[PDB]
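Only this structure's heavy atoms are used, side chains among them; waters, hydrogens and symmetry mates stay out. Chain naming here is simple, since letters A, B, ... match the order of the sequence lines and numbering starts at 1 in each.
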Amino acid sequence: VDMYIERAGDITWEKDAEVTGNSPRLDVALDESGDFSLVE
Amino acid sequence: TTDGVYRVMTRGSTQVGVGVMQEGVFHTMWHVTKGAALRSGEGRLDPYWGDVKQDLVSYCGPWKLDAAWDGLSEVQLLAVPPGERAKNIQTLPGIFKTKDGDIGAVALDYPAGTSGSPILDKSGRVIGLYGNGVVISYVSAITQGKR
């Protein structure tokens, strides 16, 4: 198995981008394995 | 070696993630490659720095991306989904509140092959990578490394 990369674009801000998604505020913890979980 | 956003592919072929080439260094999420070497045409990229807890890895040199969300402004996910042209998705981040401080988070849900896609500020700087998060719907941290 080999992994390879292919260019897909420039890194640029786009003026006419679609806008979506909410902005939740969440308490979380990050463990040693890099996993986030919720906290209460 | 050109600056830009890149698909990370495996062998038929399958897209496992995305990454950012900047200043000669390739940046992606650890869970995308597990630190395996990468081919770039005829050339090979070897891992240089990696951290499972941050879920990040850099190839050919140290992590170069250092911009950070400002806590107020909308950002853009430069999503590169499998089989689809790179596209920008603008959003106001929410917040991951942790015992070590707050982290920006985007409530956007794209296929797993999109992990490693960069999140940009209005200046066009990469403020982190998409694809390590929690489920409440999926919410991704804005994951940035240290330069």
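Grouping the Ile, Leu, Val, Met, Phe, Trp and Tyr side chains by contacts below 4.5 angstrom, directly or via other members, places A:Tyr4 apart from B:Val32. The cluster map of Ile, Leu, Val, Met, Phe, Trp and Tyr, joined by side-chain heavy atoms under 4.5 Å apart, puts B:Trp49 and B:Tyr6 in the same cluster. Linking ILVMFWY side-chain heavy atoms closer than 4.5 Å, directly or via other members, places B:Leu72 and B:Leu77 in two distinct hydrophobic clusters. B:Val5 and B:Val57 fall within a single hydrophobic cluster, where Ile, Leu, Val, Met, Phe, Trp and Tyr side chains are chained together by heavy-atom contacts under 4.5 Å.
Under the 4.5 Å side-chain criterion, counting only non-hydrogen atoms from C-beta, A:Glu14 is not in contact with B:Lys87. Considering only heavy atoms from C-beta on, B:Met29 comes within 4.5 Å of B:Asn132 through its side chain. Between B:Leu129 and B:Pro118, some side-chain heavy-atom pair lies under the 4.5 Å cut-off. Looking at A:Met3 and B:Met9, their side chains never come closer than 4.5 Å, going by heavy atoms from C-beta outward. B:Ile89 has its side chain out of reach of B:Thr91: every pair of non-hydrogen atoms, C-beta onward, lies at least 4.5 Å apart. B:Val75 places a side-chain heavy atom less than 4.5 Å from the side chain of B:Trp69. By the 4.5 Å heavy-atom criterion applied to side chains, B:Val139 and A:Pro24 are counted as neighbours. Within the 4.5 Å cutoff, no side-chain heavy atoms of B:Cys60 are placed close to those of B:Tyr48.
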Exercise for review: Take B:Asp55 and B:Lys53 through the test salt bridge (charged side-chain N to carboxylate O under 4.0 Å, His left out) and record every step on the way to the result.
Suggested key: CA-CA 5 Å; B:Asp55 196 31; B:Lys53 186 166 183 263; over 6 Å; no
Check your understanding: Could you go step by step and tell me if B:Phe26 and B:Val8 meet the side-chain contact (heavy atoms from CB on, under 4.5 Å) rule?
Key -> CA-CA 11 Å; B:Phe26 190 65; B:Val8 184; 3.9 Å; yes
Exercise for review: Using the side-chain contact (heavy atoms from CB on, under 4.5 Å) rule, take A:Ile11 and B:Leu120 through it: C-alpha gap first, then chi angles, then the decisive distance, then the call.
Suggested key: CA-CA 8 Å; A:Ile11 297 167; B:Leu120 315 186; 3.4 Å; yes
Practice item. Evaluate side-chain contact (heavy atoms from CB on, under 4.5 Å) for B:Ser117 paired with B:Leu78, printing each intermediate quantity in order. Key: CA-CA 6 Å; B:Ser117 286; B:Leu78 180 38; 5.8 Å; no
Point to revise | Verdict with supporting geometry, B:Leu56 and B:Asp51, side-chain contact (heavy atoms from CB on, under 4.5 Å) | key: CA-CA 6 Å; B:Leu56 296 175; B:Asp51 190 292; 5.7 Å; no
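Side-chain atoms of B:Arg7 never come within 3.5 Å of backbone atoms of B:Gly113 as a donor-acceptor pair (strictly under, hydrogens ignored). With B:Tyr110 contributing its side chain and B:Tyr130 its backbone, the two residues share no donor-acceptor pair below 3.5 Å. Although no hydrogens or angles enter the test, the distance criterion places a donor-acceptor pair under 3.5 Å between the side chain of A:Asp31 and the main chain of A:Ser33. Within the 3.5 Å criterion, the main-chain N or O of B:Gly133 finds a donor-acceptor partner in the side chain of B:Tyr138. Judged by distance alone, the side chain of B:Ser140 and the main-chain N or O of B:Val106 form no donor-acceptor pair under 3.5 Å.
Summarising the geometry, atom CD1 belonging to B:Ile127 is positioned 7.5 Å from atom CG belonging to B:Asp70; distances are rounded to the nearest 0.5 Å. Rounding to the nearest 0.5 Å places CD of A:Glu6 at 10.0 Å from OG of B:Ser40. Atom OG1 of B:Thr2 sits about 13.5 Å away from atom CD of B:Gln22, to the nearest 0.5 Å.
Contact record, B:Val52 with A:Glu32: CG1-O, 4.1 Å, taken as the closest heavy-atom pair. Between A:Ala8 and B:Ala86 the shortest heavy-atom distance is O-CB, 3.8 Å. Nearest approach of B:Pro47 to B:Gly35, heavy atoms of both residues: CG-O, 3.2 Å. Considering all non-hydrogen atoms of both residues, B:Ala141 and B:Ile103 come closest at CB-CG2, 4.3 Å. Minimum heavy-atom separation, B:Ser13 to B:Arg11: OG-NH1, 2.7 Å. B:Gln15 and B:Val80 make their closest contact through NE2-O, 2.8 Å (heavy atoms, listed as atom of the first residue, atom of the second, distance).
There is a side-chain donor-acceptor pair under 3.5 Å between B:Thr33 and B:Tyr59. Inspection of the B:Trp63 and B:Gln144 side chains reveals an N or O donor paired with an N or O acceptor under 3.5 Å. B:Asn88 and B:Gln76 share a donor-acceptor pair across their side chains, judged by distance under 3.5 Å alone.
Applying the ring pair (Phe, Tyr, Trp, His ring centres under 6.0 Å) test to A:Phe36 and every residue at least two apart in sequence or in another chain returns B:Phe96.
Looking at A:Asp27, A:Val28, A:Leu30, A:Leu26 one by one, the single match for side chain to side chain contact (heavy atoms under 4.5 Å, CB included) with B:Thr98 turns out to be A:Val28. Put simply, the residue from B:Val25, B:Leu45, B:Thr28, B:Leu65 that forms a side chain to side chain contact (heavy atoms under 4.5 Å, CB included) with B:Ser58 is B:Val25.
Of the charged side-chain nitrogens involved, none lies within less than 4.0 Å of a carboxylate oxygen, so that B:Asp66 and B:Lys64 do not count as a salt-bridged pair. Using a 4.0 Å cut-off between a side-chain N of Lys or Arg and a carboxylate O of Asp or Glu, B:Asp100 and B:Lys97 do not qualify as a salt bridge. Salt-bridge check for B:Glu23 with B:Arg147: passed, with a basic side-chain N closer than 4.0 Å to an acidic carboxylate O.
Within the structure, salt bridge (charged side-chain N to carboxylate O under 4.0 Å, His left out) pairs that include any residue of residues 114-123 of chain B do not occur (at least two apart or interchain).
Within 6.0 Å of CZ in B:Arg125 there are 12 or fewer heavy atoms belonging to other residues, nucleotides or ligands.
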